[PDB]
Amino acid sequence: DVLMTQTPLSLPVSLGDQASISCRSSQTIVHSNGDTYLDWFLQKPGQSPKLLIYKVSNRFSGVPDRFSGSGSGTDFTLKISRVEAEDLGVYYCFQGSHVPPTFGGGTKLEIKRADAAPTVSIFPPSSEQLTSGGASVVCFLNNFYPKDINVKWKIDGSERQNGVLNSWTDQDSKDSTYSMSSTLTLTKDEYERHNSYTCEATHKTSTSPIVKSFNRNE
Amino acid sequence: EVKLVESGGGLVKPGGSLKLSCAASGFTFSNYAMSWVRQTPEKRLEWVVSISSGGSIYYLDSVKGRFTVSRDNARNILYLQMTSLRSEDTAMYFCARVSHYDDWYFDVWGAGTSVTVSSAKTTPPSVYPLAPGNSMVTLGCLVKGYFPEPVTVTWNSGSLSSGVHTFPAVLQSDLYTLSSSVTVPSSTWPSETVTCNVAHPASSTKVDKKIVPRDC
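**Q** Can you help me understand unusual backbone geometry in this one?
**A** In this structure, the amide linkage connecting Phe-147 of chain B to the following residue, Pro-148 of chain B, adopts the cis form with an omega of 0°. Counting through the fold element by element, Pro-148 of chain B comes out in the loop between β13 (136-146) and β14 (152-155). Omega for the bond connecting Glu-149 of chain B with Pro-150 of chain B falls within 30 degrees of zero, at 0°, which places this linkage in the cis form. Following the sequence through the fold, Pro-150 of chain B ends up in the loop between β13 and β14. Even without being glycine, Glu-218 of chain A reaches a positive phi, approximately 85°.

Right under this line is the structure:
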């Protein structure tokens with residue numbers, strides 16, 4: 001089988017700059033005629049893959065000239081000139097020359113934008129959940145950049161770590177930001193045994209950690 | 001309109017069977033070669049099988065003898081019959097059209113259909129509202145303890161699509177949990193209602209949860 005190796009595995013880039021992605025095969029991919037059947041696909045988040053370039057350098061219908069392909073032997077490159085936030089997604093090379101047709105592992109292109117602090121919101125457990133013997137305190141850190149960020153939980157000013165779960169979204173295609181949720185899970189009995197729940201967000205946009213919290217007293 | 005729509009995905013146990021379908025429309029189905037390409041949870045793309053217009057079939061060695069591809073050139077439908085399913089067959093299955101030009105490439109793909117191979121049993125989700133404790137207000141829905149993926153989440157039946165994002169589901173204790181965030185102008189809430197709709201196909205579940213402000 002033909003193995004397609006892609007580099008880099010992740011790739012940051014600013015709007016307007018050029019992006020370069022490499023694909024290397026385990027053997028030359030020429031066909032019986034004299035053509036190389038290497039294609040590039042782009043898979044935007046939530047969508048299905050879509051052909052950009054085929055046969056090394058030919059643009060597919062509707063693909064701007066900003067996209068170009070080249071290469072020979074085992075090295076192929078895809079260049080994206082003047083990156084627009086919409087180019088965001090996972091790029092994949094592919095060869096149909098040999099059986100079985102194979103794809104590279106993909107290169108994720110992320111757009112670099114001006115840093116942005118998050119917008120933090122905390123939410124108390126729902127009466128509906130409390131009823132079933134459980135309780136979850138949720139906190140949203142929305143539309144921020146860069147992706148890196150820390151979240152600290154406090155119960156009455158007493159930092160809590162066990163039972164916390166964080167999950168990040170992919171980069172938005174609109175504002176090029178990230179958002180993340182932090183979910184502290186504890187029991188009803190335990191939850192009601194205290195009052196001041198706090199959610200602190202520490203991001204590089206400030207040494208001061210954005211703080212939000214509530215009290216079962218109101 | 002040239003389009004492909006796949007269906008039939010779901011939770012199947014090891015060694016079990018499952019038949020997938022792909023409805024073509026907008027082009028002369030019978031003239032084109034077709035393929036099934038899957039995407040593992042790792043996001044890796046794998047060619048599964050290809051069937052030409054001539055009816056000839058080529059399988060990926062690892063499914064040869066287990067999978068059976070077929071086509072109904074009358075109803076314009078492509079099928080993939082899977083038997084002896086394994087954990088590694090877990091993936092998003094995509095239907096794709098192959099176009100020749102005298103060579104070939106995949107020029108059309110459908111949205112895919114999810115298939116999860118596992119011994120674990122189905123578990124519907126519990127859906128809880130997320131209401132705040134001053135220009136915009138963020139609300140949300142907590143969808144937790146369900147299996148398998150996926151679930152769909154919309155706000156106000158899909159009419160409230162801006163300022164919306166859903167956090168990836170995270171597996172923990174063999175159950176997935178995720179939450180959805182919706183931000184709207186504060187001047188329209190609680191005024192104009194905000195409700196999230198959550199469907200979990202595997203458990204035939206469909207819950208609507210209205211985000212009502214906490215008073216007490």
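Okay, back to it.
**Q** In this structure, what is going on with the domain arrangement of chain B? I would like to understand it.
**A** All names here are of chain B. Here chain B is partitioned into domain 1 (1-119) and domain 2 (120-216). Measuring from the centre of the C-alpha atoms in domain 1 to the corresponding centre in domain 2 gives 32 Å. Domain 1 puts 5 residues into the contact, and the matching count from domain 2 is 7 residues. Here the side of domain 1 that touches domain 2 is composed, by residue class, of 1 nonpolar, 4 polar and no charged.

**Q** Sorry if this is basic, but what is going on with the interface of chain B and chain A here?
**A** When the parts of a complex come together, some accessible area is lost, and that lost area is often taken as the interface size. Contacts between the two partners involve 37 residues from chain B, matched on the other side by 37 residues from chain A. Buried surface at the junction of chain B and chain A, summed over both partners, amounts to about 3,200 Å²; 66% is from carbon and sulfur atoms. Of all residues in chain B, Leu-45, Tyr-105 and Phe-167 of chain B give up the largest surface area on contact with chain A, accounting jointly for 18% of the area buried on that side. Our enumeration of links across chain B and chain A arrives at 1 salt bridge. Linking chain B with chain A are 8 residue pairs in polar contact. At the level of elements, β4 (33-39), β5 (45-51), β10 (104-109), β12 (126-130), β13, β15 (164-166), β16 (170-172) and β17 (175-185) of chain B are the ones that each hand at least two residues to the side of chain B that touches chain A.

Parameters at a glance
- Residues numbered from 1 in each chain as written, not as in the entry; some residues may be left out.
- Chains lettered and ligands numbered in written order.
- Heavy atoms only, no water.
- Residues with missing side-chain atoms left out of burial classes, pairs and counts.
- Helix = DSSP H or I, 4+ residues; strand = E, 2+ residues; numbered from the N terminus.
- Domains from an automatic or database assignment.
- Contact = heavy atoms within 4.5 Å.
- Nonpolar A, V, L, I, M, F, W, Y, C, P; charged D, E, K, R; others polar.
- Buried area = accessible area lost by both parts, 1.4 Å probe.
- Salt bridge = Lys/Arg side-chain N within 4 Å of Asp/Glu carboxyl O.
- Polar contact = N/O pair within 3.5 Å; in protein donor to acceptor, adjacent residues only side chain to side chain.

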